[PDB]
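Working notes for the structure below.
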Amino acid sequence: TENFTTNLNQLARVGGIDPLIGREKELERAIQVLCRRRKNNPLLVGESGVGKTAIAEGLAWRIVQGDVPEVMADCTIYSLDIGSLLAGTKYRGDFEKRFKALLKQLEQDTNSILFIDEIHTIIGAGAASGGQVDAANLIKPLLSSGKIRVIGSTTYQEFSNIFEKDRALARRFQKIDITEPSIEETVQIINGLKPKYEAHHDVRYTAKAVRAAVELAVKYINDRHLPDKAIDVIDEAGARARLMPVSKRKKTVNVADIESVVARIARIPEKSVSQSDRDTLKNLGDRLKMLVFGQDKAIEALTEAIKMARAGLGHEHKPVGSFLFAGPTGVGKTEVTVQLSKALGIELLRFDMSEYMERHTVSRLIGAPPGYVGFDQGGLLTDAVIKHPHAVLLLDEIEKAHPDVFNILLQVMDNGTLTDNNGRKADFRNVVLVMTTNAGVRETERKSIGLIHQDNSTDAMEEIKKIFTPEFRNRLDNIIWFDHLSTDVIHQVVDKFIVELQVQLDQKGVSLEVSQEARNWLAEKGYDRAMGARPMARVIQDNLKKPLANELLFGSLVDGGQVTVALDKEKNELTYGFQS
Amino acid sequence: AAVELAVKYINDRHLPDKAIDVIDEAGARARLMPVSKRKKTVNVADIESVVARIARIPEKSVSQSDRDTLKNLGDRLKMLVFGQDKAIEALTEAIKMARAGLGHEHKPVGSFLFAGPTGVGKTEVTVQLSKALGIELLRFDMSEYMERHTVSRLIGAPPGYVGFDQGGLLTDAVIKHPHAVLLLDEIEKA
Amino acid sequence: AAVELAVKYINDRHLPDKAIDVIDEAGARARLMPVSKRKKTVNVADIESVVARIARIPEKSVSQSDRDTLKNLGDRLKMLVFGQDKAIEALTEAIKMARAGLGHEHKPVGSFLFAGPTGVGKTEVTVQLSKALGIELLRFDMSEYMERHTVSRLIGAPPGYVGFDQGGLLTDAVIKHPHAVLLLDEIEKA
Amino acid sequence: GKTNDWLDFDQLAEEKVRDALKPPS
Ligand SMILES: Nc1ncnc2c1ncn2[C@@H]1O[C@H](COP(=O)(O)OP(=O)(O)OP(O)(O)=S)[C@@H](O)[C@H]1O
Ligand SMILES: Nc1ncnc2c1ncn2[C@@H]1O[C@H](COP(=O)(O)OP(=O)(O)O)[C@@H](O)[C@H]1O
Ligand SMILES: Nc1ncnc2c1ncn2[C@@H]1O[C@H](COP(=O)(O)OP(=O)(O)O)[C@@H](O)[C@H]1O
Ligand SMILES: Nc1ncnc2c1ncn2[C@@H]1O[C@H](COP(=O)(O)OP(=O)(O)O)[C@@H](O)[C@H]1O
Ligand SMILES: [Mg+2]
Ligand SMILES: [Mg+2]
Ligand SMILES: [Mg+2]
């Protein structure tokens, strides 16, 4: 009473309560319920951050201003604090003493209305443990008789599990559906809140910046709902303008200042959200060629799909891109993916399809249903995309995957969303999908049996038609056919590996001078046609890292460097040179 | 009308409370919704609207402006989706019969198994049917329910097992949006 | 030097608390070590003895002489245990390659697959190696982790919803001890 | 089919204590 209940009309006269914008439809339903003879206790049901308490608090603002109907005039909204009231009891009858006193005040004033924020708390354990004298039971007969009016607020999750268990209490409280507002509604809402936030931070928010906050936040921040989300990014921008400026800097909050704060919220490097990253995308094709040279047709294809996705031409609900890297091993089919993530500055996700070969393995990706082991785990695929909405997804050896796994990917390409065991929608339309398979390579290299060789140009594509179902292939944006490495391309790969070893040791102070003869020998032994260039890292480790590492700790190689590798023609072995 | 309509449409509440809720709420609407030119009496039309708001679907407003929407529903769908006119006729006629009052009263508005090749309009007519009617789309991808144990996700786990409080996705979704289009894509995969 | 050996040998607290503690501990010890004499200056060998007490490890191992022990690793194992001389010598050369700093640092330092008849001291070299290097010993028998459900225990307990402090069996041991040998037995039957 | 998993429910315990009074005189 004295401190448990805080009046909202008196507060509204001073301020504090923000004004309501674009909620006449929801308000009209509440007023209709409040005017009822009995069970005049509306309940605002809505997701988190959807203005659940902005309508109750704003109702008081309307009453003071006078927008409410005449019947609702002269009514006072009371905001009950269950924590404060319940705190300090330390007795069996202290709660009922203060609680009944509160009802006595409301019962005396027929026009008084009560607002109980987070009403789900009382149903679980209001004021009793190991007993049955709860707070809800005390108000059950009063609400049934219409003596007092109570306004409640609880989320859908706390409404189906906690609420509705005691049908008696649910009967008295009517339910008003609250829906997340559209983008056009929120931008108008922020305009009304601009004077309060601007005066608080002593800054100005440009109209263009407000529209960019709701748009960028929705794409890069999916966990929180749009209304509270837009307020956080807008309010956070003003805080930066208070500390970063040294003195008399620009008060206006431009679009560039919003892109930085929203980037930190999403844990991104600010390159994607920023509009000044076009330079990276313009030269993305050339940059990848230096990192992963060869098969330029494969690299340019990715840049074209990525450019349109970031140019406003991306699909409305499909992913940024779905590709099937059908090619041999050792042609950097996976290297192009890991390097692409570094260019775009996004997380990399790798899944081994070989593990998902049995029929029951698909459950691990989407989680186990309720009532079975693994239900607590959300799912490897669903938790990864949800944790990192902007990330690259790699699925290697997709051909070995069970058909049950292929079915999961069908919805991913067409709708861009995958549901999990808990019902969370995995909205990952921003992640690029890349798959690697070696299905058709066998027919390309292998000639047709018989004295006469048939045309095998289309035989490789035919194999993909039988392995992959038509619906799966239709959803793919494009198929990137890699080509075998040429004699000159392989020689450059040897230089790439040596550069990593050379630069790794150059900082330590050990110079490396590999002879051309050694580079050629490593290429043949390191690159197998069947296994690709994967053994290059292995042979390089045993041939170079093993001997140099031993002498690094003890011997002359610890300092001075002057290492010169060579190859002898008599035995074809690689000689080693060490000096101080 | 309030007693009969409440039983037919309002659910999860008993008849005395249900009938008295429509009668009480109807008094506040007629008394407070019109600022002027108020209606002293409460006719059957008002009770239907109140029941419709509680249950989310109307029963006598079909000959209102919504009447024109049903006429252009078939033509509008044809513009967005070309060909396969026989499928649009089935959906538009089923809705008309249900809205007109010729429904089964014990079965859904319609149950149609659209079968055909890939990319011919199976998952487009349904997506474009909700937008035209302005109702929520309950999209369910059956590719996830590959095993028999996945049925628990639809109707929740039984008592005494993990995930019991979570509930069913299909049941909770329909309860939240009773008026909606239920789409079970790739039902054969389940 | 204090910060490098503190975080590695103590393996109890975090890096910032260790440095402030050892510095304060070192000053107190040297301040009252002799009855009359005193040493205003400090040395690395002096503070090393202090870390031995809180770490419960001999001062010789606590000393920053990893290269010395690594150089005579074979001589130490051959002197402490007898037999399998050829097997022990091969292991020392490989470990030296990882500690040199070459290769990718993110990759694990230890890639060794022991394969031989039991009872010849195969287990003894794993504990002797850890005792010499100072790292802890974590034994995880694969035979217990045979059932498919048991595999999940390594990542997390099945019913441990309230108990998130323990976490996965393998993960918690590695998290608490970042410098310790992992001994997997009967890995073939998994 | 994979085996099912059962989850237990633990009830918290909290009680109210009375208070005796002693008059000074
Ligand atoms: N009849 C059509 N009219 C207009 N656009 C169409 C038509 N059929 C397909 N499309 C286009 O192709 C997309 C996919 O068509 P859908 O009918 O949704 O495919 P689907 O029947 O679900 O395919 P599956 O999953 O392979 S059986 C649509 O979203 C449109 O962009
Ligand atoms: N219609 C509206 N007009 C103005 N501000 C609004 C409106 N709806 C929501 N807000 C603002 O968004 C936030 C809503 O928070 P709220 O939904 O009450 O939180 P919770 O869901 O945690 O109870 C507040 O910052 C509030 O001022
Ligand atoms: N064209 C290439 N350019 C650069 N490195 C390559 C190329 N082809 C293979 N590699 C090297 O092969 C190794 C494995 O690459 P990865 O993409 O995983 O191969 P794959 O596509 O056969 O699975 C890496 O060291 C990678 O740099
Ligand atoms: N090379 C050896 N030198 C000395 N004792 C040995 C040797 N090999 C085996 N043993 C004896 O056999 C035991 C085998 O190891 P132990 O830890 O007891 O069991 P397990 O091999 O099952 O881990 C040693 O602890 C010791 O008692
Ligand atoms: Mg709130
Ligand atoms: Mg479909
Ligand atoms: Mg042994």
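Chain labels A, B, ... are given in the sequence in which chains occur in the structure tokens; within each chain residues are numbered consecutively from 1, and ligands are likewise numbered from 1 in the order shown.
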*Could you give me, as number ranges by chain, the residues within 8 Å of residue D:17, counting only C-alpha atoms and dropping anything in the same chain fewer than 5 positions from it?*
A: 90-92
*Could you pull out the residues sitting within 8 Å of ligand 2, using only C-alpha atoms and all ligand atoms, and write them as a count of residues only?*
30
_Selection as a ChimeraX atom specification: residues within 7 Å of ligand 7 by only C-alpha atoms and all ligand atoms_ = /C:118-124
_Show me which residues line ligand 6, defined as having an atom within 12 Å of a ligand atom where only C-alpha atoms and all ligand atoms count, and present them as a PyMOL selection string._
(chain A and resi 407+410-415+471-472+474-475) or (chain B and resi 114-127+139-143+183-189)
_Residues of chain C within 12 Å of chain D, counting only C-alpha atoms - could you list those as a ChimeraX atom specification?_
/C:148-149,158-162
Just the residues within 8 Å of residue C:47, please, counting only C-alpha atoms, with nothing from its chain fewer than 6 positions along; format it as a JSON list (two decimals) with N, CA, C and O atoms, in the first residue's frame.
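out35.json written:
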[["chain", "number", "residue", "atom", "x", "y", "z"],
["C", 2, "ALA", "N", 58.27, -15.28, -13.26],
["C", 2, "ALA", "CA", 57.32, -15.72, -12.25],
["C", 2, "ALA", "C", 55.96, -16.05, -12.86],
["C", 2, "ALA", "O", 55.33, -17.05, -12.50],
["C", 22, "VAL", "N", 52.26, -14.61, -5.79],
["C", 22, "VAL", "CA", 53.65, -15.05, -5.73],
["C", 22, "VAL", "C", 54.58, -13.88, -5.44],
["C", 22, "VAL", "O", 55.56, -14.02, -4.70],
["C", 26, "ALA", "N", 56.89, -13.99, -2.33],
["C", 26, "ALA", "CA", 58.35, -13.96, -2.47],
["C", 26, "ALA", "C", 58.97, -12.90, -1.57],
["C", 26, "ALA", "O", 59.98, -13.14, -0.90]]
*Calculate the C-alpha RMSD, in Å to one decimal, after superposing chain C onto chain B by least squares over all C-alpha atoms paired in sequence order.*
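The superposed chains show a C-alpha RMSD of 5.2 Å.
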Near chain A, which residues of chain B fall within 7 Å when you count only C-alpha atoms, and what do they look like as a PDB file with C-alpha atoms, in the first residue's frame?
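The result, stored in part-v3.pdb:
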ATOM      1  CA  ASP B  24     -21.521  -9.653 -20.536  1.00  0.00           C
ATOM      2  CA  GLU B  25     -18.862  -8.781 -23.121  1.00  0.00           C
ATOM      3  CA  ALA B  28     -19.771  -3.501 -23.011  1.00  0.00           C
ATOM      4  CA  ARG B  29     -19.202  -3.565 -26.778  1.00  0.00           C
ATOM      5  CA  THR B 118       8.659 -30.762 -57.992  1.00  0.00           C
ATOM      6  CA  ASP B 141       8.101 -29.757 -42.347  1.00  0.00           C
ATOM      7  CA  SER B 143      11.128 -34.225 -42.981  1.00  0.00           C
ATOM      8  CA  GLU B 144      11.967 -34.022 -39.255  1.00  0.00           C
ATOM      9  CA  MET B 146      11.364 -39.554 -39.706  1.00  0.00           C
ATOM     10  CA  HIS B 149       9.372 -41.533 -31.575  1.00  0.00           C
ATOM     11  CA  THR B 150       9.147 -38.065 -33.172  1.00  0.00           C
ATOM     12  CA  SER B 152       6.044 -36.794 -29.023  1.00  0.00           C
ATOM     13  CA  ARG B 153       7.166 -33.447 -30.459  1.00  0.00           C
ATOM     14  CA  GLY B 156       4.227 -33.308 -26.214  1.00  0.00           C
ATOM     15  CA  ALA B 157       5.752 -35.996 -24.021  1.00  0.00           C
ATOM     16  CA  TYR B 161       9.168 -37.962 -18.749  1.00  0.00           C
ATOM     17  CA  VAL B 162      11.516 -35.184 -19.809  1.00  0.00           C
ATOM     18  CA  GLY B 163       9.932 -32.530 -21.998  1.00  0.00           C
ATOM     19  CA  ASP B 165       6.107 -29.264 -19.641  1.00  0.00           C
ATOM     20  CA  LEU B 169       4.017 -27.940 -31.138  1.00  0.00           C
TER      21      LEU B 169
END
*Using backbone DSSP assignments, extract all strand (DSSP E or B) residues from stretch 246-448 of chain A; output them as a PyMOL selection string.*
chain A and resi 252-253+321-326+347-352+372+391-396+417-419+425-427+432-437
Store the residues picked out above in a file with N, CA and C atoms, as a short mmCIF file (atom, residue, chain, number, x, y, z; two decimals), in the first residue's frame.
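What follows is the written file part.cif:
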data_model
loop_
_atom_site.label_atom_id
_atom_site.label_comp_id
_atom_site.auth_asym_id
_atom_site.auth_seq_id
_atom_site.Cartn_x
_atom_site.Cartn_y
_atom_site.Cartn_z
N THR A 252 24.58 14.85 -33.73
CA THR A 252 23.78 13.98 -34.57
C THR A 252 24.33 12.56 -34.60
N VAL A 253 23.43 11.59 -34.59
CA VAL A 253 23.77 10.17 -34.62
C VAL A 253 23.53 9.69 -36.05
N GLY A 321 23.07 -18.81 -50.35
CA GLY A 321 23.54 -19.61 -51.45
C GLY A 321 23.70 -21.07 -51.09
N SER A 322 23.30 -21.94 -52.02
CA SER A 322 23.39 -23.39 -51.87
C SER A 322 24.21 -23.90 -53.04
N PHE A 323 25.32 -24.57 -52.74
CA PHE A 323 26.22 -25.06 -53.76
C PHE A 323 26.67 -26.47 -53.44
N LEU A 324 26.97 -27.22 -54.50
CA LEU A 324 27.42 -28.60 -54.43
C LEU A 324 28.77 -28.64 -55.14
N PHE A 325 29.85 -28.57 -54.36
CA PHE A 325 31.20 -28.57 -54.91
C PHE A 325 31.53 -30.00 -55.33
N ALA A 326 31.10 -30.35 -56.54
CA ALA A 326 31.35 -31.67 -57.10
C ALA A 326 32.70 -31.63 -57.80
N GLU A 347 31.72 -16.79 -38.69
CA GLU A 347 32.07 -18.09 -38.13
C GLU A 347 31.98 -19.19 -39.19
N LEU A 348 32.79 -20.22 -39.00
CA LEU A 348 32.83 -21.38 -39.88
C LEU A 348 32.24 -22.58 -39.16
N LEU A 349 31.32 -23.28 -39.82
CA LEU A 349 30.67 -24.46 -39.27
C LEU A 349 30.98 -25.65 -40.17
N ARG A 350 31.54 -26.70 -39.59
CA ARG A 350 31.91 -27.91 -40.30
C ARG A 350 31.22 -29.11 -39.68
N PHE A 351 30.55 -29.91 -40.51
CA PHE A 351 29.84 -31.11 -40.08
C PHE A 351 30.32 -32.27 -40.94
N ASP A 352 30.64 -33.39 -40.29
CA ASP A 352 31.10 -34.58 -40.99
C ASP A 352 29.90 -35.47 -41.28
N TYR A 372 12.77 -38.69 -24.67
CA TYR A 372 13.85 -39.59 -25.05
C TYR A 372 15.18 -38.95 -24.70
N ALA A 391 27.20 -17.22 -40.56
CA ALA A 391 28.29 -18.17 -40.57
C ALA A 391 28.22 -19.00 -41.84
N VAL A 392 29.33 -19.67 -42.15
CA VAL A 392 29.43 -20.54 -43.31
C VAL A 392 29.19 -21.97 -42.84
N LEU A 393 28.34 -22.69 -43.57
CA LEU A 393 27.99 -24.07 -43.25
C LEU A 393 28.62 -24.99 -44.28
N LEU A 394 29.43 -25.93 -43.81
CA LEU A 394 30.13 -26.89 -44.66
C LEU A 394 29.68 -28.30 -44.30
N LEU A 395 29.29 -29.05 -45.33
CA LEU A 395 28.86 -30.44 -45.19
C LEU A 395 29.70 -31.23 -46.19
N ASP A 396 30.69 -31.96 -45.69
CA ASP A 396 31.60 -32.73 -46.53
C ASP A 396 31.16 -34.19 -46.57
N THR A 417 14.61 -22.39 -42.89
CA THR A 417 14.37 -22.58 -41.47
C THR A 417 14.23 -24.05 -41.14
N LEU A 418 14.76 -24.44 -39.98
CA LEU A 418 14.72 -25.81 -39.49
C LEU A 418 14.28 -25.78 -38.03
N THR A 419 13.25 -26.55 -37.70
CA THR A 419 12.74 -26.62 -36.34
C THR A 419 13.50 -27.68 -35.55
N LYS A 425 12.72 -21.96 -33.94
CA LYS A 425 12.89 -21.88 -35.38
C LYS A 425 14.31 -21.40 -35.66
N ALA A 426 15.06 -22.20 -36.41
CA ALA A 426 16.44 -21.88 -36.76
C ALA A 426 16.43 -20.99 -37.99
N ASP A 427 16.28 -19.69 -37.78
CA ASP A 427 16.29 -18.75 -38.89
C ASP A 427 17.75 -18.48 -39.25
N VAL A 432 25.56 -19.22 -45.81
CA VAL A 432 25.78 -19.80 -47.13
C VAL A 432 25.99 -21.29 -46.93
N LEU A 433 25.37 -22.10 -47.79
CA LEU A 433 25.45 -23.55 -47.71
C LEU A 433 26.37 -24.07 -48.80
N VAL A 434 27.36 -24.87 -48.40
CA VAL A 434 28.34 -25.45 -49.31
C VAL A 434 28.48 -26.93 -49.00
N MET A 435 28.46 -27.75 -50.05
CA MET A 435 28.59 -29.20 -49.94
C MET A 435 29.70 -29.66 -50.87
N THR A 436 30.43 -30.69 -50.44
CA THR A 436 31.54 -31.24 -51.20
C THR A 436 31.31 -32.73 -51.41
N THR A 437 31.42 -33.18 -52.66
CA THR A 437 31.22 -34.58 -53.00
C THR A 437 32.12 -34.97 -54.16
#
Can you pull out the residues contacting residue A:152? Cut-off 9 Å, using only C-alpha atoms, and skip same-chain residues under 2 positions away; I want them as a PDB file with N, CA, C and O atoms, in the first residue's frame.
ATOM      1  N   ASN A  41     -11.052  -8.547 -15.771  1.00  0.00           N
ATOM      2  CA  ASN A  41      -9.629  -8.658 -15.454  1.00  0.00           C
ATOM      3  C   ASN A  41      -8.860  -9.064 -16.707  1.00  0.00           C
ATOM      4  O   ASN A  41      -8.544 -10.246 -16.894  1.00  0.00           O
ATOM      5  N   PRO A  42      -8.539  -8.117 -17.589  1.00  0.00           N
ATOM      6  CA  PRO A  42      -7.816  -8.485 -18.809  1.00  0.00           C
ATOM      7  C   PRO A  42      -6.388  -8.923 -18.523  1.00  0.00           C
ATOM      8  O   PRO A  42      -5.732  -8.433 -17.601  1.00  0.00           O
ATOM      9  N   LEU A  43      -5.917  -9.864 -19.339  1.00  0.00           N
ATOM     10  CA  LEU A  43      -4.569 -10.415 -19.251  1.00  0.00           C
ATOM     11  C   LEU A  43      -3.868 -10.167 -20.575  1.00  0.00           C
ATOM     12  O   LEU A  43      -4.343 -10.615 -21.624  1.00  0.00           O
ATOM     13  N   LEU A  44      -2.746  -9.457 -20.529  1.00  0.00           N
ATOM     14  CA  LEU A  44      -1.971  -9.156 -21.725  1.00  0.00           C
ATOM     15  C   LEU A  44      -0.983 -10.296 -21.939  1.00  0.00           C
ATOM     16  O   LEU A  44      -0.035 -10.456 -21.163  1.00  0.00           O
ATOM     17  N   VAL A  45      -1.207 -11.081 -22.988  1.00  0.00           N
ATOM     18  CA  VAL A  45      -0.367 -12.225 -23.328  1.00  0.00           C
ATOM     19  C   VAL A  45       0.414 -11.870 -24.584  1.00  0.00           C
ATOM     20  O   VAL A  45      -0.176 -11.579 -25.632  1.00  0.00           O
ATOM     21  N   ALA A  56      -0.364  -1.414 -20.183  1.00  0.00           N
ATOM     22  CA  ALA A  56      -0.916  -1.204 -18.851  1.00  0.00           C
ATOM     23  C   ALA A  56      -0.484   0.150 -18.307  1.00  0.00           C
ATOM     24  O   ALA A  56      -1.312   0.940 -17.840  1.00  0.00           O
ATOM     25  N   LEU A 114      -6.092  -2.548 -10.610  1.00  0.00           N
ATOM     26  CA  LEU A 114      -4.792  -3.065 -10.211  1.00  0.00           C
ATOM     27  C   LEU A 114      -4.055  -3.648 -11.409  1.00  0.00           C
ATOM     28  O   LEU A 114      -4.664  -4.275 -12.281  1.00  0.00           O
ATOM     29  N   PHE A 115      -2.745  -3.414 -11.451  1.00  0.00           N
ATOM     30  CA  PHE A 115      -1.862  -3.918 -12.496  1.00  0.00           C
ATOM     31  C   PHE A 115      -0.820  -4.805 -11.834  1.00  0.00           C
ATOM     32  O   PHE A 115      -0.002  -4.317 -11.046  1.00  0.00           O
ATOM     33  N   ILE A 116      -0.846  -6.095 -12.155  1.00  0.00           N
ATOM     34  CA  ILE A 116       0.071  -7.076 -11.586  1.00  0.00           C
ATOM     35  C   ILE A 116       1.010  -7.527 -12.697  1.00  0.00           C
ATOM     36  O   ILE A 116       0.671  -8.408 -13.495  1.00  0.00           O
ATOM     37  N   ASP A 117       2.196  -6.926 -12.752  1.00  0.00           N
ATOM     38  CA  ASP A 117       3.181  -7.308 -13.751  1.00  0.00           C
ATOM     39  C   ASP A 117       3.772  -8.664 -13.386  1.00  0.00           C
ATOM     40  O   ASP A 117       4.095  -8.922 -12.223  1.00  0.00           O
ATOM     41  N   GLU A 118       3.926  -9.526 -14.391  1.00  0.00           N
ATOM     42  CA  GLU A 118       4.444 -10.879 -14.194  1.00  0.00           C
ATOM     43  C   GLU A 118       3.571 -11.631 -13.188  1.00  0.00           C
ATOM     44  O   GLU A 118       4.016 -12.059 -12.121  1.00  0.00           O
ATOM     45  N   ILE A 119       2.299 -11.782 -13.562  1.00  0.00           N
ATOM     46  CA  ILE A 119       1.319 -12.441 -12.710  1.00  0.00           C
ATOM     47  C   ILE A 119       1.600 -13.926 -12.524  1.00  0.00           C
ATOM     48  O   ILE A 119       1.087 -14.529 -11.578  1.00  0.00           O
ATOM     49  N   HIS A 120       2.404 -14.540 -13.392  1.00  0.00           N
ATOM     50  CA  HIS A 120       2.691 -15.967 -13.269  1.00  0.00           C
ATOM     51  C   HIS A 120       3.415 -16.324 -11.975  1.00  0.00           C
ATOM     52  O   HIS A 120       3.408 -17.495 -11.578  1.00  0.00           O
ATOM     53  N   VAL A 150      -8.222  -6.346 -12.022  1.00  0.00           N
ATOM     54  CA  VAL A 150      -6.811  -6.717 -12.033  1.00  0.00           C
ATOM     55  C   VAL A 150      -6.340  -6.872 -13.472  1.00  0.00           C
ATOM     56  O   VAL A 150      -6.990  -7.553 -14.271  1.00  0.00           O
ATOM     57  N   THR A 154       1.818 -11.712 -18.697  1.00  0.00           N
ATOM     58  CA  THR A 154       2.610 -12.931 -18.647  1.00  0.00           C
ATOM     59  C   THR A 154       2.905 -13.384 -20.069  1.00  0.00           C
ATOM     60  O   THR A 154       2.095 -13.190 -20.979  1.00  0.00           O
ATOM     61  N   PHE A 173      -9.607 -14.400 -15.518  1.00  0.00           N
ATOM     62  CA  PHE A 173      -8.786 -13.517 -16.338  1.00  0.00           C
ATOM     63  C   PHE A 173      -9.002 -13.781 -17.823  1.00  0.00           C
ATOM     64  O   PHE A 173      -8.767 -14.895 -18.303  1.00  0.00           O
TER      65      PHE A 173
END
*asked:* When you look at residue B:85 with a cut-off of 10 Å (counting only C-alpha atoms), what residues show up, excluding the ones that are within fewer than 6 positions of it in the same chain? I need them as a list in words.
replied: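 Contacts, with the query itself left out: residues 74, 75, 77 and 78 of chain B.
With only C-alpha atoms taken into account, the protein and nucleic acid residues at most 9 Å from stretch 10-17 of chain C (excluding it and anything under 2 positions from it in its own chain) are residues 3, 5, 6, 7, 8, 19, 20, 21, 22, 51, 52, 54, 55, 56, 176, 177, 178 and 179 of chain C.
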Take the selection from the previous step and output its residues with N, CA, C and O atoms, as a tab-separated table (two decimals), in the first residue's frame.
chain	number	residue	atom	x	y	z
C	3	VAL	N	55.49	-15.21	-13.78
C	3	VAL	CA	54.18	-15.41	-14.38
C	3	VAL	C	54.14	-16.68	-15.24
C	3	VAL	O	53.11	-17.36	-15.29
C	5	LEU	N	55.98	-19.59	-14.89
C	5	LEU	CA	55.97	-20.80	-14.07
C	5	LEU	C	54.79	-20.85	-13.12
C	5	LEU	O	54.35	-21.94	-12.75
C	6	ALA	N	54.25	-19.70	-12.73
C	6	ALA	CA	53.11	-19.68	-11.82
C	6	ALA	C	51.89	-20.32	-12.45
C	6	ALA	O	51.26	-21.22	-11.86
C	7	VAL	N	51.53	-19.90	-13.66
C	7	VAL	CA	50.34	-20.42	-14.32
C	7	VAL	C	50.50	-21.90	-14.69
C	7	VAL	O	49.51	-22.64	-14.71
C	8	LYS	N	51.72	-22.34	-14.97
C	8	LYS	CA	51.93	-23.72	-15.40
C	8	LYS	C	52.02	-24.70	-14.23
C	8	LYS	O	51.38	-25.76	-14.25
C	19	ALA	N	50.07	-14.11	-10.07
C	19	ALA	CA	51.18	-13.17	-10.11
C	19	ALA	C	51.20	-12.26	-8.88
C	19	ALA	O	52.26	-12.04	-8.28
C	20	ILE	N	50.04	-11.73	-8.49
C	20	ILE	CA	50.00	-10.86	-7.32
C	20	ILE	C	50.30	-11.64	-6.06
C	20	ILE	O	50.87	-11.09	-5.10
C	21	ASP	N	49.94	-12.92	-6.02
C	21	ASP	CA	50.19	-13.73	-4.83
C	21	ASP	C	51.65	-14.13	-4.70
C	21	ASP	O	52.25	-13.99	-3.62
C	22	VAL	N	52.26	-14.61	-5.79
C	22	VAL	CA	53.65	-15.05	-5.73
C	22	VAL	C	54.58	-13.88	-5.44
C	22	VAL	O	55.56	-14.02	-4.70
C	51	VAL	N	57.04	-21.18	-5.06
C	51	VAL	CA	55.99	-21.82	-5.84
C	51	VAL	C	55.91	-23.31	-5.51
C	51	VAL	O	54.84	-23.92	-5.62
C	52	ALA	N	57.03	-23.92	-5.12
C	52	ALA	CA	57.04	-25.35	-4.80
C	52	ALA	C	56.13	-25.66	-3.62
C	52	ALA	O	55.44	-26.69	-3.60
C	54	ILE	N	53.35	-23.91	-2.46
C	54	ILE	CA	51.94	-23.80	-2.82
C	54	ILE	C	51.57	-24.83	-3.88
C	54	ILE	O	50.40	-25.24	-3.96
C	55	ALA	N	52.52	-25.27	-4.70
C	55	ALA	CA	52.26	-26.25	-5.75
C	55	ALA	C	52.51	-27.68	-5.30
C	55	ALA	O	52.02	-28.61	-5.96
C	56	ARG	N	53.24	-27.89	-4.20
C	56	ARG	CA	53.54	-29.22	-3.69
C	56	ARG	C	54.29	-30.06	-4.73
C	56	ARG	O	53.96	-31.22	-4.98
C	176	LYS	N	39.78	-28.08	-15.85
C	176	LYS	CA	40.47	-27.83	-14.58
C	176	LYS	C	41.97	-28.00	-14.74
C	176	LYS	O	42.75	-27.19	-14.22
C	177	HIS	N	42.40	-29.05	-15.44
C	177	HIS	CA	43.81	-29.34	-15.67
C	177	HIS	C	44.14	-29.12	-17.14
C	177	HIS	O	43.89	-30.00	-17.97
C	178	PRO	N	44.72	-27.97	-17.53
C	178	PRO	CA	45.06	-27.78	-18.94
C	178	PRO	C	46.41	-28.37	-19.33
C	178	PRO	O	46.75	-28.37	-20.52
C	179	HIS	N	47.17	-28.89	-18.36
C	179	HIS	CA	48.48	-29.51	-18.60
C	179	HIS	C	48.43	-30.86	-17.91
C	179	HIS	O	48.79	-30.97	-16.73
*Considering only C-alpha atoms, return as an MDAnalysis selection string whatever protein or nucleic-acid residues lie within 12 Å of stretch 92-94 of chain B, sequence-local ones (same chain, fewer than 2 positions apart) excluded.*
chainID B and resid 69:78 85:90 96:104 107:112 125:126 129:130 132:133
